[PDB]
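Given next are the chains, with one letter for each unit.
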Amino acid sequence: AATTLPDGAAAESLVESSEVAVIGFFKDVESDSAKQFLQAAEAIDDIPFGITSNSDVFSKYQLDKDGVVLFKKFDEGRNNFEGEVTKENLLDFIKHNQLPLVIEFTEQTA
């Protein structure tokens, strides 16, 4: 489930509340692009998912339009979801954000 962030004040405190946390920036949470977000968020419950359509949260990360990104303390610290917004894609972004690689196998392909 995703929480309701009032403004950028929560976007910064959220990432601090837990090591792994994500926050989307949808301009029309009542649209379809937002529906998939919550649905895909319902999959994981241990992660503090957050979502807001305010403007102070958008101008914060300089977002000319809507966009969903994740927030973590390790690795880079920020991400940038692309392609289209869909439950199948969201579950991939998350799993692709937190949890770094692993010393095992070597992707035998090339």
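Residues numbered from 1 in each chain as written, not as in the entry; some residues may be left out. Heavy atoms only, no water.

In the nomenclature of the PDB entry, the chain corresponds to PROTEIN DISULFIDE ISOMERASE from the organism Homo sapiens. What the PDB record gives as the title of this entry is "HUMAN PROTEIN DISULFIDE ISOMERASE, NMR, 24 STRUCTURES".

K.L.:
With reference to specific residues and values, describe the side chain of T86.
P.N.:
With respect to the helices, strands and loops of the structure, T86 is situated in the loop between β4 (67-72) and α4 (87-97). Given the relative accessible area of 16%, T86 is considered buried. Among the polar contacts made by the side chain of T86, one reaches the side chain of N89 at a distance of 2.6 Å. (Helix = DSSP H or I, 4+ residues; strand = E, 2+ residues; numbered from the N terminus. Buried < 20%, exposed > 50% of the residue type's maximum accessible area, 1.4 Å probe, protein only. Polar contact = N/O pair within 3.5 Å; in protein donor to acceptor, adjacent residues only side chain to side chain.)

K.L.:
How would you explain the sheet that holds strand β3 (residues 49-52) if you had to name every residue and give the values?
P.N.:
Strands pair in a sheet through their backbones, by hydrogen bonds, and they do so in one of two ways: parallel or antiparallel. Reading across the sheet, the four strands line up as β1-β3-β2-β4 and stay open at both edges, with mixed pairing between neighbours. Only two strands of the sheet have a single neighbouring strand rather than two, namely β1 (2-4) and β4. Adjacent strand axes in the sheet meet at a mean angle of 25 degrees when their direction is disregarded. Two strands pair when backbone bridges link them, and strand β2 (residues 20-25) and β3 are joined in this way by four bridges, in the parallel orientation. Note on β3: the bridge partner recorded for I23 is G50. The strands touched by helix α1 (residues 8-17) within the sheet are β1, β2, β3 and β4, with β2 carrying the most contacts at an inclination of about 155 degrees. Packing of helix α2 (residues 32-43) onto the sheet brings it into contact with β1, β2, β3 and β4, and relative to β3 it is tilted by some 165 degrees. (Pairing = 2+ DSSP bridges. Axes fitted to C-alpha atoms, helices over the stretch in contact; angles between N-to-C directions. Contact = heavy atoms within 4.5 Å.)

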